[PDB]
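What follows is a short report on a single structure.
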Amino acid sequence: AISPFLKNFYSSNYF
Amino acid sequence: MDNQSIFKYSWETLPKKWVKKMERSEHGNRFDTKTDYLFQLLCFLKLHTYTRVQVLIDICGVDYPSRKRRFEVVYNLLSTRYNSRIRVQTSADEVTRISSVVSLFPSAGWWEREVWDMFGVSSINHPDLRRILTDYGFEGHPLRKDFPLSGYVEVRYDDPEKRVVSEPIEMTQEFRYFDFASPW
Amino acid sequence: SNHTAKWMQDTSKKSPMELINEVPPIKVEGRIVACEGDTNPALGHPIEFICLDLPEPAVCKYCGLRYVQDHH
Amino acid sequence: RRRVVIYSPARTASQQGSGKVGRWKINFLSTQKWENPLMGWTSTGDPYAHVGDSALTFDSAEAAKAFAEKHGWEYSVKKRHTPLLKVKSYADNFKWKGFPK
Amino acid sequence: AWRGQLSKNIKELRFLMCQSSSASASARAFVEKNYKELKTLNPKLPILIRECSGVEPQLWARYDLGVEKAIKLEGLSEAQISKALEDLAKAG
Amino acid sequence: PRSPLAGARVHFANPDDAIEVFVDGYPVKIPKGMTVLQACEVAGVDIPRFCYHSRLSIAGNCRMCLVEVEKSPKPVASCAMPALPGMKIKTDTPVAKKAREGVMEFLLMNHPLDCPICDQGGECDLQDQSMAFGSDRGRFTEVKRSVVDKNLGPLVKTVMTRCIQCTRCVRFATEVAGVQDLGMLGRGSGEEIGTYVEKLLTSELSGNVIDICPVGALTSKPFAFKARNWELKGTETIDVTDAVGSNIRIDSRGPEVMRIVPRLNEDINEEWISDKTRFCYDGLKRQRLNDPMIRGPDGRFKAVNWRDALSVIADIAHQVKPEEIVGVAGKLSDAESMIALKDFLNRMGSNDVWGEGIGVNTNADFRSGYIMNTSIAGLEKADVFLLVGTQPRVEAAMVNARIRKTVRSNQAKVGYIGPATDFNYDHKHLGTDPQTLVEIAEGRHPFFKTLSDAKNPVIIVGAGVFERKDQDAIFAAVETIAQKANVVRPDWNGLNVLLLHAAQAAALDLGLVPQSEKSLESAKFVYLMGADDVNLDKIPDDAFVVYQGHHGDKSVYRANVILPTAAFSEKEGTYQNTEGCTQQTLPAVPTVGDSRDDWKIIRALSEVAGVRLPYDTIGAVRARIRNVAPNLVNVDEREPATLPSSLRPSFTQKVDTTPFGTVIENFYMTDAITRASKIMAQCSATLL
Ligand code: SF4
Ligand code: SF4
Ligand code: FES
Ligand SMILES: [Zn+2]
């Protein structure tokens, strides 16, 4: 559980 | 300079209840009417023994994404006997079931199907069968000013994983749009 | 050195800049000239009247030919 | 869903015309381009890469706002600066300095 | 005497105010007088005063470890807001 | 029912009376002495012009705006023709049409023929005016006239073959710029425009010259032949280099920015741009860091993943520092990043966070105390200027141009205190001492008399004084000047404080002032978003330095961990400018490499460090912003400060009797973007 914000942040910066 | 006769006679004898605008230009004579009486007006023509049109040439849609009545349906139709043609142009919004003319001119099922999928305007009676031009289950209606030129999901390629598939667009050399406008 | 390096790749035969520097100036007689080559059409390079009041050659901005005034 | 910005493009800073001012227009602030490794062309993957300023030209902020609200994507309208109109005078050009101090 | 020992754990405090009525009754006068005297008696405490169009007058306090304690001040008087401040400074 | 061109809020100085004229038939109302051209504009018809600009003086020089005013002889120059009550203007009559056709015929007769190489081909007035109003065939064969091109420094190259003798550049350089170098010399057809002694142009606003000059002769050198206009898209953003927050338009193609050009905003910068900003993109492309980096113990740098970088920084943060955690807010950063950083630090528990150039001293917080109260627009209404410790020509060049505009409009005596500098408007030099400031807050220095004999004075304190140790004394002396000279009246609050950054206003607004003084010395874990911390040196030997920044050039060689971010042209933040007006930029080009936005990286760092932030979207960030300081979410409208400066002094002895130090030098190597950038480097090497 990594607070899906961070899950996106580790990927590209266009979410 | 072409067909003032038919147009003048048609306007001066019509039931003036269902005519919203008349334009006697030289590009083409326009009877802008209300979408509620369209079938009535067209059935008046094709039958009256002077302005009998008897042939429907085109049913095209025009999109104006800045007016409350977004769409614009247009019927171009001539009179092979009286050598004249008129353009009956009605307004139409998002969902608003427009009357059909496949009872009068059987040559409208294909043009009404084309205006069903290209645009999104409906059609209450028969001609609103499934789409014609666009291939198959298609997200939008690909001729209004919103469906982009390159489509939402259009990559379509073979997969030895299974056989073939359709996947979202990732095209290369993006569509360049030049401006060219001119402030005088 | 950098432009021809960006576009050209061979670097065995001489680049366009090298050739247009290999051609010498023209040494014209008056004070104003016009560069096209020898034809008005079929050779392009529209009329490009260029002044010649400096002790150095003057380029033509199409097919740089470096005209030069002869006398004083 | 996508955040969009409704503005009126200001006059170009090179010409002095006026046939392109006061024309409300919505842009999808889409910027996700990259360099195609083979040649060097600019690839993209957004379906709305150019439509917003290639076909969608609206007549007024009201119409563009209603249209964005209709398609659902959330918006944020911008302001439109207009030139203040002073008064000029060729006499004021040829004004007269005072007497010597 | 709590106007000098409020700086124990009051690390920041800010007054959100409006440029209209419903705040000028108590917010502005208290701000003026008590701010002069407090900033005199408190040389290091950041007492912010932020004002924008159309907001309810309120007090905010930032305590250590980043904790926010808010108080609404819609229809209070000067004595009431003074008691509110004395109650904000006393946390324990 | 006819809206003016572009919308144009007419003034009506005396709205009780105003003339009315017939433009092409239907009537229009007009103020007292407005010109025929502006009357036609109000009526809603554009008239072709070359030598008339709404910001420069008039000169009936191009002879293209001709219209026929019935009740008069045949031709009339529209501009410079003061409207009369009832004159019968006419614009589309055979007379006017033939006048325009002939004039365009003459221009294109003795013009050069090199459009397909002459940039501004596709933007050219002369081109569009000919295509829309002129004829279609030329009748001319003989030899034209050609002149030699000219150099004007590495900013404005000119092929003077096409100098159509408009004198736009001359009038600009002599009215708005301030330096009189350009001039029209020669006679007849043989008439050139060029400095006679082959000098350069050592002034800013020369980019404004290249925008003014319609036909493509004066053109930006670093944008020589890179693109036409029809090829690239424009995004309307603001500026972060200067402090005025100029409104500009970034013209970019693909992932590359090609140029920037001003856009009209009749409140901050009229239609101009300071020379620093127009050429500040080349390096934004040139030098860059695009990977999170970790210092390997051999003193080197290795490219790591975001997971590992955030993990190590959060680990060491929790590990050592109990109360010695400091954070420096960048010089070019947004309120989003600032509030996120402050929240992260305060949740970490140990708080010493402070902005870029905000002083270590008290620096009290009253909005009227630290923003420019009179809006720049209202600055055109002053009569007596009191610039203290400020050279606004080098900082806030647009405010300097506004002051010059005022002095040109109506002579307004200006007194300046501080180090010697080269003002371009008849300035009075009053001295170099806050001791002189004391004397004028008192009775000596008879210039104070001028203040008392003044209507709408202005007292401008430059933000460079925030860093000086004795600032409350300076501000208190200014308070006494104000109280005794009656310059704070409710009708007009003329007590202005400039700024010299883009993030300084929002920093001082959120409250980023250092709780102590020897913070960097006593620290052990410093979080930087901007450089320079005093000569990047006060940081001790053992100290975990994390540079969460972009375009790394300086202090990076001191950093211990490196986090790449998004520049000011790749993100959407909120910047506040000196008159307290809060604007927002817009993305124009994709982020470089794999950098991320500042508030995003801060929130991710917080989560991986344990204590997380209750917000994770720009909407909630700006909600927190509304909680801490509201105008920053009331974006795009200046909210004045209706509270006086009743601060409490703490020095009460003197003003330390030390001279005013220079606040900003070289005007180009400041602003890390430009600095690690380049055209500013050669401009610094030559144009000084
Ligand atoms: S400025 Fe250049 S592109 Fe324009 S008409 Fe003149 S020569 Fe041609
Ligand atoms: S080249 Fe520029 S400065 Fe010269 S006459 Fe033309 S527009 Fe004016
Ligand atoms: S604009 Fe009126 S004469 Fe040039
Ligand atoms: Zn040539």
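For the structure tokens, the naming scheme is as follows: chains receive sequential letters (A, B, ...) according to their order of presentation, residues are indexed from 1 within each chain, and ligands are indexed from 1 in presentation order.
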
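Using only C-alpha atoms, the contacts of residue 43 in chain C at a cut-off of 12 Å, with sequence neighbours closer than 5 positions omitted, comprise residues 35, 36, 37, 38, 62 and 63 of chain C.
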
Those residues with N, CA, C and O atoms, as a JSON list (two decimals), in the first residue's frame please?
[["chain", "number", "residue", "atom", "x", "y", "z"],
["C", 35, "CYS", "N", 22.47, 39.45, -59.16],
["C", 35, "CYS", "CA", 22.92, 38.07, -59.26],
["C", 35, "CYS", "C", 21.77, 37.16, -59.66],
["C", 35, "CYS", "O", 20.76, 37.08, -58.96],
["C", 36, "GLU", "N", 21.93, 36.47, -60.79],
["C", 36, "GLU", "CA", 21.08, 35.33, -61.14],
["C", 36, "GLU", "C", 21.85, 34.15, -61.73],
["C", 36, "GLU", "O", 21.34, 33.03, -61.67],
["C", 37, "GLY", "N", 23.04, 34.36, -62.27],
["C", 37, "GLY", "CA", 23.68, 33.38, -63.13],
["C", 37, "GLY", "C", 23.67, 33.88, -64.56],
["C", 37, "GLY", "O", 23.94, 35.06, -64.79],
["C", 38, "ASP", "N", 23.39, 33.01, -65.54],
["C", 38, "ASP", "CA", 23.16, 33.47, -66.91],
["C", 38, "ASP", "C", 21.87, 32.83, -67.42],
["C", 38, "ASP", "O", 21.90, 31.86, -68.18],
["C", 62, "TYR", "N", 21.78, 34.67, -52.07],
["C", 62, "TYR", "CA", 21.51, 33.43, -52.78],
["C", 62, "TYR", "C", 22.78, 33.18, -53.58],
["C", 62, "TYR", "O", 23.29, 34.11, -54.20],
["C", 63, "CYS", "N", 23.29, 31.96, -53.56],
["C", 63, "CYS", "CA", 24.48, 31.59, -54.32],
["C", 63, "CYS", "C", 25.58, 32.64, -54.16],
["C", 63, "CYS", "O", 25.97, 33.31, -55.11]]

Using only C-alpha atoms, select each residue of chain D with any atom at most 10 Å away from an atom of chain B, and give the selection as a ChimeraX atom specification.
-> /D:11-12,15-21,33-36,39-60,62-64,66-67,71

Give the residues close to ligand 2, within 10 Å, counting only C-alpha atoms and all ligand atoms; write them as number ranges by chain.
-> F: 50-51, 61-62, 124-126, 158-172, 182-184, 191-194, 209-219

Per DSSP on the backbone, what are the helix (DSSP H, G or I) residues of chain C, as a list in words?
->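 For chain C, the helix (DSSP H, G or I) set is residues 3, 4, 5, 6, 7, 16, 17, 18, 19, 20, 21 and 22 of chain C.
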
Could you write those residues out with C-alpha atoms, as a PDB file, in the first residue's frame?
ATOM      1  CA  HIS C   3      26.159  22.937 -40.178  1.00  0.00           C
ATOM      2  CA  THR C   4      27.593  20.652 -42.841  1.00  0.00           C
ATOM      3  CA  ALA C   5      28.310  18.222 -40.012  1.00  0.00           C
ATOM      4  CA  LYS C   6      24.633  18.299 -39.058  1.00  0.00           C
ATOM      5  CA  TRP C   7      23.340  17.543 -42.541  1.00  0.00           C
ATOM      6  CA  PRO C  16      28.787  23.391 -50.538  1.00  0.00           C
ATOM      7  CA  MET C  17      30.363  26.079 -48.354  1.00  0.00           C
ATOM      8  CA  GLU C  18      33.822  24.879 -49.367  1.00  0.00           C
ATOM      9  CA  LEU C  19      32.989  25.110 -53.072  1.00  0.00           C
ATOM     10  CA  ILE C  20      31.386  28.532 -52.805  1.00  0.00           C
ATOM     11  CA  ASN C  21      34.538  29.703 -51.063  1.00  0.00           C
ATOM     12  CA  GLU C  22      36.663  28.075 -53.764  1.00  0.00           C
TER      13      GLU C  22
END

How would you write, as a PDB file with C-alpha atoms, in the first residue's frame, the set of residues no farther than 12 Å from ligand 3 when counting only C-alpha atoms and all ligand atoms?
ATOM      1  CA  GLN D  16      -0.643  45.533 -36.235  1.00  0.00           C
ATOM      2  CA  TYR D  90       0.412  66.177 -32.834  1.00  0.00           C
TER       3      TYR D  90
ATOM      4  CA  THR F  35      -7.652  61.439 -33.551  1.00  0.00           C
ATOM      5  CA  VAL F  36      -9.499  60.367 -36.686  1.00  0.00           C
ATOM      6  CA  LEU F  37      -7.720  57.013 -36.576  1.00  0.00           C
ATOM      7  CA  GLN F  38      -8.947  56.250 -33.078  1.00  0.00           C
ATOM      8  CA  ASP F  46      -9.172  49.106 -39.069  1.00  0.00           C
ATOM      9  CA  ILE F  47      -7.116  51.484 -41.205  1.00  0.00           C
ATOM     10  CA  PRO F  48      -3.785  50.362 -42.721  1.00  0.00           C
ATOM     11  CA  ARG F  49      -0.799  51.807 -40.884  1.00  0.00           C
ATOM     12  CA  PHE F  50       2.966  51.586 -40.900  1.00  0.00           C
ATOM     13  CA  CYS F  51       4.354  54.541 -38.936  1.00  0.00           C
ATOM     14  CA  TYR F  52       1.775  54.776 -36.131  1.00  0.00           C
ATOM     15  CA  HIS F  53       2.075  52.859 -32.867  1.00  0.00           C
ATOM     16  CA  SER F  54      -0.322  53.372 -29.983  1.00  0.00           C
ATOM     17  CA  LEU F  56       4.891  56.111 -29.557  1.00  0.00           C
ATOM     18  CA  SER F  57       4.307  59.618 -30.819  1.00  0.00           C
ATOM     19  CA  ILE F  58       2.473  60.269 -34.066  1.00  0.00           C
ATOM     20  CA  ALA F  59       4.149  61.147 -37.352  1.00  0.00           C
ATOM     21  CA  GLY F  60       2.356  61.316 -40.675  1.00  0.00           C
ATOM     22  CA  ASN F  61       5.268  59.508 -42.243  1.00  0.00           C
ATOM     23  CA  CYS F  62       4.235  56.293 -43.989  1.00  0.00           C
ATOM     24  CA  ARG F  63       1.317  57.967 -45.781  1.00  0.00           C
ATOM     25  CA  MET F  64      -0.804  54.803 -45.986  1.00  0.00           C
ATOM     26  CA  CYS F  65      -3.665  55.488 -43.543  1.00  0.00           C
ATOM     27  CA  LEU F  66      -5.338  57.912 -45.939  1.00  0.00           C
ATOM     28  CA  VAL F  67      -9.112  58.369 -45.740  1.00  0.00           C
ATOM     29  CA  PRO F  75      -6.620  63.397 -49.215  1.00  0.00           C
ATOM     30  CA  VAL F  76      -6.376  63.229 -45.405  1.00  0.00           C
ATOM     31  CA  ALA F  77      -3.908  61.396 -43.180  1.00  0.00           C
ATOM     32  CA  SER F  78      -6.064  59.576 -40.655  1.00  0.00           C
ATOM     33  CA  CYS F  79      -3.589  59.688 -37.792  1.00  0.00           C
ATOM     34  CA  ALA F  80      -2.520  63.139 -36.590  1.00  0.00           C
ATOM     35  CA  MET F  81      -5.935  64.425 -37.740  1.00  0.00           C
ATOM     36  CA  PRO F  82      -7.844  65.646 -34.668  1.00  0.00           C
ATOM     37  CA  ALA F  99      -4.569  56.415 -52.513  1.00  0.00           C
ATOM     38  CA  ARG F 100      -3.699  53.163 -50.764  1.00  0.00           C
ATOM     39  CA  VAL F 103       1.295  54.261 -51.895  1.00  0.00           C
ATOM     40  CA  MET F 104       1.705  50.491 -51.740  1.00  0.00           C
ATOM     41  CA  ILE F 164      11.351  51.864 -45.613  1.00  0.00           C
ATOM     42  CA  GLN F 165      11.982  55.039 -43.582  1.00  0.00           C
ATOM     43  CA  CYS F 166       9.234  54.813 -40.979  1.00  0.00           C
ATOM     44  CA  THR F 167      11.220  56.173 -37.998  1.00  0.00           C
ATOM     45  CA  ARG F 168       9.381  53.800 -35.654  1.00  0.00           C
TER      46      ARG F 168
END

Do you know which residues are at most 8 Å from range 5-7 of chain A counting only C-alpha atoms, after dropping those on the same chain fewer than 4 positions away, and could you put them as a list in words?
-> residues 11 of chain A; 604 and 616 of chain F

Writer output for current selection, C-alpha atoms, as an mmCIF file, in the first residue's frame:
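Heads up, here's the output in again_38.cif:
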data_model
loop_
_atom_site.group_PDB
_atom_site.id
_atom_site.type_symbol
_atom_site.label_atom_id
_atom_site.label_comp_id
_atom_site.auth_asym_id
_atom_site.auth_seq_id
_atom_site.Cartn_x
_atom_site.Cartn_y
_atom_site.Cartn_z
ATOM 1 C CA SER A 11 5.853 6.305 -13.344
ATOM 2 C CA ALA F 604 6.067 11.943 -2.392
ATOM 3 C CA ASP F 616 -2.526 15.059 -3.125
#
